[PDB]
Amino acid sequence: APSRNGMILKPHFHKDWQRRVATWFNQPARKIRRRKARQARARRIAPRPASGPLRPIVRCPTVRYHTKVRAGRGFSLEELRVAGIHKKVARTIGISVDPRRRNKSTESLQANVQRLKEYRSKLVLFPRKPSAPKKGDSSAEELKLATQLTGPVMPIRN
Amino acid sequence: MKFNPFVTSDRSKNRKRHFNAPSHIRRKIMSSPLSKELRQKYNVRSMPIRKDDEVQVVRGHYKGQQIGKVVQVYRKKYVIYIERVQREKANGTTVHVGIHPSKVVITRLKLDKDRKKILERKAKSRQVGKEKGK
Amino acid sequence: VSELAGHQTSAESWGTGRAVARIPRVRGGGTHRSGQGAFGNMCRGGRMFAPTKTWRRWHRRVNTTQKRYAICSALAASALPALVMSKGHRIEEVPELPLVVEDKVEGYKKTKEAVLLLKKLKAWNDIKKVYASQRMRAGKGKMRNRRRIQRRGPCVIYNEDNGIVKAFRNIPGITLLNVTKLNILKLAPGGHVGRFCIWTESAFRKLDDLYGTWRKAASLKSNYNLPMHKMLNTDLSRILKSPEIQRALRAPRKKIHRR
RNA sequence: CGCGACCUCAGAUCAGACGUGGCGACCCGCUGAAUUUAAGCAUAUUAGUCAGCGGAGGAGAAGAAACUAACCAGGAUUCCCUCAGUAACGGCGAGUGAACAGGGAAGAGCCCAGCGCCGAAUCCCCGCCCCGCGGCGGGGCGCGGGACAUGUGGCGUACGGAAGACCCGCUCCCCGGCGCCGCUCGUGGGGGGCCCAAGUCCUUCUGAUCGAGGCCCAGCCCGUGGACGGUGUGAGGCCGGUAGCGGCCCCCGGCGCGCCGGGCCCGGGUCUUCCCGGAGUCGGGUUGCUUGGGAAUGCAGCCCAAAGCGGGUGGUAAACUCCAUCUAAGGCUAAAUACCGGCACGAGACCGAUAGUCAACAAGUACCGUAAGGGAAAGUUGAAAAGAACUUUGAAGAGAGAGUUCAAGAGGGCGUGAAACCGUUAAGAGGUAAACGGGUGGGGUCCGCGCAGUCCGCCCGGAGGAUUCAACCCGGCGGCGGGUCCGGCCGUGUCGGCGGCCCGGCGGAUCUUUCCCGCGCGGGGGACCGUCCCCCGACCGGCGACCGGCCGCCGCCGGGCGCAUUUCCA
RNA sequence: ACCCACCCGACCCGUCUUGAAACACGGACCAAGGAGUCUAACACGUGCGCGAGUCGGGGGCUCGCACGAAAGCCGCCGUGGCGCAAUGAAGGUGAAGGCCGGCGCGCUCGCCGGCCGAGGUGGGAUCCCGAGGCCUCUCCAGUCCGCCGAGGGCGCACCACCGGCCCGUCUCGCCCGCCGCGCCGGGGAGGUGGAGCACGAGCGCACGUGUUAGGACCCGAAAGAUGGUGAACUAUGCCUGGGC
RNA sequence: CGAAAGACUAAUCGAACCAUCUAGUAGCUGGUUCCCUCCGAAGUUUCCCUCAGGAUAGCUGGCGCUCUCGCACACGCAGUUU
RNA sequence: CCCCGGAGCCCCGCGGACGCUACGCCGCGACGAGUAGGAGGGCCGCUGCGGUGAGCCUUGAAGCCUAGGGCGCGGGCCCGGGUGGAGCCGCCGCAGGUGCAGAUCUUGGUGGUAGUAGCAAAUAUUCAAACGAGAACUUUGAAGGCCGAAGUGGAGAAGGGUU
RNA sequence: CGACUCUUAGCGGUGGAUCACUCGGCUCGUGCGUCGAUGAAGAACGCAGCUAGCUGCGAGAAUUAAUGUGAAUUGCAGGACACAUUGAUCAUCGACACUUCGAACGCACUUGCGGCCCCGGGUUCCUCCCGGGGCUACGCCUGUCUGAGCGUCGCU
Ligand SMILES: [Mg+2]
Ligand SMILES: [Mg+2]
Ligand SMILES: [Mg+2]
Ligand SMILES: [Mg+2]
Ligand SMILES: [Mg+2]
Ligand SMILES: [Mg+2]
Ligand SMILES: [Mg+2]
Ligand SMILES: [Mg+2]
Ligand SMILES: [Mg+2]
Ligand SMILES: [Mg+2]
Ligand SMILES: [Mg+2]
Ligand SMILES: [Mg+2]
Ligand SMILES: [Mg+2]
Ligand SMILES: [Mg+2]
Ligand SMILES: [Mg+2]
Ligand SMILES: [Mg+2]
Ligand SMILES: [Mg+2]
Ligand SMILES: [Mg+2]
Ligand SMILES: [Mg+2]
Ligand SMILES: [Mg+2]
Ligand SMILES: [Mg+2]
Ligand SMILES: [Mg+2]
Ligand SMILES: [Mg+2]
Ligand SMILES: [Mg+2]
Ligand SMILES: [Mg+2]
Ligand SMILES: [Mg+2]
Ligand SMILES: [Mg+2]
Ligand SMILES: [Mg+2]
Ligand SMILES: [Mg+2]
Ligand SMILES: [Mg+2]
Ligand SMILES: [Mg+2]
Ligand SMILES: [Mg+2]
Ligand SMILES: [Mg+2]
Ligand SMILES: [Mg+2]
Ligand SMILES: [Mg+2]
Ligand SMILES: [Mg+2]
Ligand SMILES: [Mg+2]
Ligand SMILES: [Mg+2]
Ligand SMILES: [Mg+2]
Ligand SMILES: [Mg+2]
Ligand SMILES: [Mg+2]
Ligand SMILES: [Mg+2]
Ligand SMILES: [Mg+2]
Ligand SMILES: [Mg+2]
Ligand SMILES: [Mg+2]
Ligand SMILES: [Mg+2]
Ligand SMILES: [Mg+2]
Ligand SMILES: [Mg+2]
Ligand SMILES: [Mg+2]
Ligand SMILES: [Mg+2]
Ligand SMILES: [Mg+2]
Ligand SMILES: [Mg+2]
Ligand SMILES: [Mg+2]
Ligand SMILES: [Mg+2]
Ligand SMILES: [Mg+2]
Ligand SMILES: [Mg+2]
Ligand SMILES: [Mg+2]
């Protein structure tokens, strides 16, 4: 029964909720586990960025977010076509590619081509064998860095 | 402290480990120090006590400077019986009184081949650590 | 306490009319446990009233500035010999109270060195008093791996472990902190404010970079400064018998007019 | 009335394979209540919840848009935070209740049918040889069988694809083995084994010490080890361990190099000519369940039942109309995620034997019930069994002595041993049941005395006895306080240096792209402003923030002073 | 404080009840056990930190965690929450006024320059000014220090009242605007509905009380539902035997 | 199942027994654990499928705040009376 | 018409308690019933945690018992003696499965009732001996009785499970 | 004084509270994440020199082998062993073994009845008889063999 003034309030504890309470005593143990697993994955992908692949710049949807810009899922095909990277290869050099992205405006396209161009400049493709063929960079830019890149690769700053 | 996160430091766990210990493991638990004399000679602190070592009792009632030969090792009872360490029961019969190995000192070892190789292994590890410390 | 604790029986009440007492009683059988008393918080067997749960709100989370304020407060009173002595630490013969030292002390790799240091600095008599305190705990925590108890010793704030934290380790009483990762649980143990510490010049320099002086930001904790003071002249005895104030007070009526 | 193809079907203890039951914490598919709430109750709620059935895996399920949106647009699934107790549902009552965006954890994408081209270019099983054989594989050779054109394999799947011509640039990827090299993060991966510091020093307690003082050298040793346990009490140093990028030995993994056996002649852009999509499905009607989904969110049965610039979606039914957005009716896929079952560990501000699991113990035991099922009680001699030899009374159980033990005022259900209740011993009482409150008395029990308790302490006066002073100077040390702020260090407010300003850094939506570097933007200079630091002078708060001299005062030590003094004692 | 005596007083507690010593219930005695808990949500109070902000989660970076599943830090420091703005069902709209001078006819209406800038009344702790005393060992002069202070002021918070502004709504009216002159858009006056504005008070953490949802202070139904076990008793049928 | 008594269905029958949903619900019985101190009620209101209960007023406590002046220098208020 | 490092002081403004844990200390008035209920303070009490007591403890901890000595209004507490034989407490903070006379409360134990009710269905026992520590009850012998072949006899079924 | 009753205390009983211990629980976390026709889980019955229960094992039955370890096991016996030797005793566990029911498999649940191949006694393949051994569940797939049909054809 209500007594003199207060929010006529509806709690949702009518089902058997104590049967499905989910505690968080994991979380520290979890946080570590992720972190180990993270450091392992770095070490496996030895000079490759820990991050992942490079990802496009992309505007959010809706009037609300609109003004901001994130990393997207992957670079469109037009953006790869214009940059001149064969889509099947782009995956092999650490360039995210989605193929479901349309491309409406040319301002978002040329920006994302520029991204890939810049990436290709500051990328150090190792040759397949220690014996060096084409494409593969010099042993100078190799000895001076077989270095991983900490954090997201070429980060987007709005 | 102990930092190894697979050891135990848990009364109940250590005691259970102890009392329900298997024979070969008890051998190690039932170890006893060498006399300073042997400590000098072999480069070994202590040794797993055995059926017919010569031994002094260091503490208790039977604490004394006599050197009694070991009689048997009752690993179930965590104890060793020693030559003249005994007590007359009600009806005259002598009964070998138990002494815990660690409250005893080995003056003379019973050296077999295996005991010889053990002492060679312990002395070598001791001198490796002194070389590492230096 | 376990969920099933107390309810693993199947027990119905013999209703009224049997004399007895309307409790659920163990059902059937030819044992002692039959027609007993199940479930009730009062019964043997039974079920504790409001069995304890795991999702009691164990952890407790504190505003970050407040945490810092405490840690500044503890530091500030690690000065002040009175507050250090009152917190028990035998700091009688120590040379200077915010005790800062050479930075070879990063070097040491052996307790030998670390103890010798503490004896020259006259901080050993705290460690000595730690040994003296080592005794058996009172009661049930004895049988739950809290069997021995003792004093807290000298804190030792270092800037970098170059070997130090190995050296001071077996010396009972000592806790080692990084400067860059200070902790109020250790600087104010018991929630009690004083505590004799021992600084390393590298670390003791770094404090102002960590906490920021009054006219400079932290420069290491993004957006932070010291907490400002509410009153500046703390010694009110210096205030109250000033010229300025005693000039302006009526003369103290102090006769005692008894009945 | 034969023999032979195939088709559809049988039978074999035919050859060789698989499936069956279990477990069930987590997971997938069905099925599905009612207590309950609504202060009654029927819709609602409880709840797609319990019980029921089915099937799994180390996870499962989901998943590469017939998606979101309506933006300047995002771009598989899962998970968290948020959205949000919101939009919505609801006897619009009780109550119930999502999604997108946004930020994270993770991150990975693919394959068919079809349409087409390629002598079925494909697959399975036989049998002979060489290797390899405890996850039946490679290579070769057989007019040795069969599957297959009612369609196997290569190319290829919407992100387009194929075939053609010339623009370009050049040719490593995989597996079956056989070796060999570096033992490859808790700082030598995983498993096993066996190892590694320092007192039983003195004295002294103690039944026993592990306890308490002590141990000239700077402090008994060791200390990368003072976790824990054990050992006749409390142990860094007695023992096991503990610490350590410590050791050795096994085995196994994982990755590096060499050789062999095979396979494998595997691109890209540019222009032309062709090629292109899953039907009793979508969709509609419907009835029933379901959903926040409301003129139908999703799933169903039944009836109708399609199209190809089609189809689906675009959260209010319909018609017209533009836009946007996917491409359904076939399939595979690690990861972040779950885990009251299992194996193996670690920990605790938990419980400490009526608690904590039913269960510390020969517990799912005994015991009960025809059966489904129900389901207890119960830990502790002692350091050591040293568990009471022997004598004696008794048929014996039981005693009495003796002995063991530090103790049996620890005697085998024995640590401690409360209360109820009982026996006795001592004291006291007693016809209104006892017991009680208040108030005295009497007696007991002990406790404090006193064999004067006249209790102490100051100061004084007298009377005895005894050491060195005090007072004073002198020499030394230490302390305080002071102003002349005297001299110097110290710091507040102000002014002067524009002096740190570039030899002072950060911050800024201040400016400049006259600059530099990298691609109008990023980074760095360069101006500018705000903030923080050097130089000296002046004024002032001269501040407990200190030094140095001088002064005054105090105290201590030693010098002086020998006695009308200054002490001690009675 | 043990016992006994005597005088006076004196019914057995718990509980429900207008009323219990009750011929009202519970209670032979002792031991141990035994009932307002925890989570979530709200509100108010209080304490602390920061303050037009605040915030910490969730995530991440720092360690093998001995103490650590802590502690620290983060252009994540703010995605986001709450807060800093309302009001309307909604499309939407959205908290300023005054004064002065000029120009439109000052038309209590429309447009252009200057100044002030959150209105005013009453009461308001408190500050501020202060005539004037009141003396000083003498007659006057006379700066310094108070004590009081009649009288007069600025007036916090808060309260009451009157003005004003914003949104909804009505009534009455007259003008402005332009890429689109329109069933376009904008304003004015006067009422009246709003959980509004009128120089901000919140955010986070902690404790307390209260109120709820949960087993929800502890014990208690008759019932209801799902899935299983029993016809060894007994009820009836049948088969095969026995008995009078 | 009943030659019918609601009989019998393992000492249980006007719906057996076992386990679970289940700690089912209870406006109703019962109980509800230490001391001192200070304040101290109500059984009346209106509404209720309300009359053995709630709601709402009332009566209680707690926390306060804002002012007042015995610091020779007071305004307001009342279970009165004039 | 002079200075307290000296007026000698009932007031002393030069410096200030024996007193001043300022959550302290002190003075004046007034008042004090209390269920339900509310609030405050508890150097009241229980168990565990961080601090802290150079705490206590085999030269005797906890518990237990006490016609011993005291304190407190009280919750309670402290000492003496006994018993016991290994751990335990004070202070400052934090935490809670924290205080019992009742619940026809739960589990265990113990009384009064009480040496009481009771050991009465179915006719029946007696003598001697043996064994034996011991005989109303065993065994043997003798006598007297009953079941009276629809049996208190002689054999099975089911059920028991070594009787 | 007498007995009895009441009260207090001493000592003794009864009883098992309290306190102190704890090879057990309860909770939180970590890693791994493995059963079965090659017979699972579960049940049964067995097995020790003296052993009933718990445990441990399977007719090789408180265990065999192997490897590691290096003198015990022990309630009492007895023994072994040369503990200068594959070597006691534990641990590991890779080889071996694993009675009967049970998905449970020749068919039945009596522990009853069988069939079919081979072997030893029995014969001198004489079938009997006895003993041993190996097969003999259902479903399903790929093949194989034998077939069936006024199913669709062809040739004769
Ligand atoms: Mg990432
Ligand atoms: Mg329990
Ligand atoms: Mg205790
Ligand atoms: Mg299965
Ligand atoms: Mg209802
Ligand atoms: Mg109800
Ligand atoms: Mg009803
Ligand atoms: Mg529902
Ligand atoms: Mg279920
Ligand atoms: Mg899957
Ligand atoms: Mg799909
Ligand atoms: Mg999405
Ligand atoms: Mg919200
Ligand atoms: Mg629902
Ligand atoms: Mg094809
Ligand atoms: Mg130790
Ligand atoms: Mg010990
Ligand atoms: Mg050692
Ligand atoms: Mg529904
Ligand atoms: Mg619409
Ligand atoms: Mg799938
Ligand atoms: Mg027990
Ligand atoms: Mg017990
Ligand atoms: Mg128990
Ligand atoms: Mg006990
Ligand atoms: Mg006992
Ligand atoms: Mg006991
Ligand atoms: Mg004793
Ligand atoms: Mg005893
Ligand atoms: Mg006893
Ligand atoms: Mg004991
Ligand atoms: Mg008497
Ligand atoms: Mg009533
Ligand atoms: Mg009545
Ligand atoms: Mg009464
Ligand atoms: Mg009456
Ligand atoms: Mg009643
Ligand atoms: Mg009664
Ligand atoms: Mg109790
Ligand atoms: Mg508040
Ligand atoms: Mg309220
Ligand atoms: Mg509640
Ligand atoms: Mg109930
Ligand atoms: Mg019903
Ligand atoms: Mg019924
Ligand atoms: Mg209840
Ligand atoms: Mg009622
Ligand atoms: Mg009051
Ligand atoms: Mg009172
Ligand atoms: Mg009360
Ligand atoms: Mg003991
Ligand atoms: Mg607790
Ligand atoms: Mg009681
Ligand atoms: Mg009688
Ligand atoms: Mg017979
Ligand atoms: Mg007595
Ligand atoms: Mg017991």
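Residue numbering for chain C follows Swiss-Prot, covering 54-312 in order.
In case you wondered, yes, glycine gets a Cβ from its N, Cα and C as well.
Here Swiss-Prot flags C:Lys239 as SUMO2 cross-link. Annotated omega-N-methylarginine per Swiss-Prot: C:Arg97, in sequence order. For C:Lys106, C:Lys259, the entry in Swiss-Prot reads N6-acetyllysine, with the evidence type similarity to another entry. Swiss-Prot lists C:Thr266 with the feature phosphothreonine. Here Swiss-Prot flags C:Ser290, C:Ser295 as phosphoserine. Summarising the annotation, Swiss-Prot assigns citrulline to C:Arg300 and lists similarity to another entry as the type of evidence.
Overlay of Swiss-Prot feature records on the structure.
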{"residue": "C:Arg97", "record": "omega-N-methylarginine", "Cβ within 10 Å": "9"}
{"residue": "C:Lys106", "record": "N6-acetyllysine", "Cβ within 10 Å": "11"}
{"residue": "C:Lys239", "record": "SUMO2 cross-link", "Cβ within 10 Å": "17"}
{"residue": "C:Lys259", "record": "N6-acetyllysine", "Cβ within 10 Å": "18"}
{"residue": "C:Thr266", "record": "phosphothreonine", "Cβ within 10 Å": "13"}
{"residue": "C:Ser290", "record": "phosphoserine", "Cβ within 10 Å": "8"}
{"residue": "C:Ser295", "record": "phosphoserine", "Cβ within 10 Å": "11"}
{"residue": "C:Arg300", "record": "citrulline", "Cβ within 10 Å": "7"}
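On a Cα basis, C:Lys106 (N6-acetyllysine) lies 66 Å away from C:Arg300 (citrulline). Cα to Cα, C:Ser295 (phosphoserine) and C:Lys259 (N6-acetyllysine) are separated by 39 Å. Among the recorded positions C:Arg97, C:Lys239, C:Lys259, C:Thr266, C:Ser290, no residue is found with its Cα located within 10 Å of the Cα of C:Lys106 (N6-acetyllysine). The residue listed as 'SUMO2 cross-link' sits 19 Å from C:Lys259 (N6-acetyllysine), taking the CA atoms of both as reference points.
Closest to C:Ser290 (phosphoserine) by Cα-Cα distance, out of the modified residues C:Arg97, C:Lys259, C:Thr266, is C:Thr266. Cα to Cα, C:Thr266 (phosphothreonine) and C:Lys259 (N6-acetyllysine) are separated by 11 Å. The DSSP secondary structure for the residue listed as 'citrulline' is coil. A distance of 62 Å separates the Cα atom of C:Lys259 (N6-acetyllysine) from that of C:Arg97 (omega-N-methylarginine).
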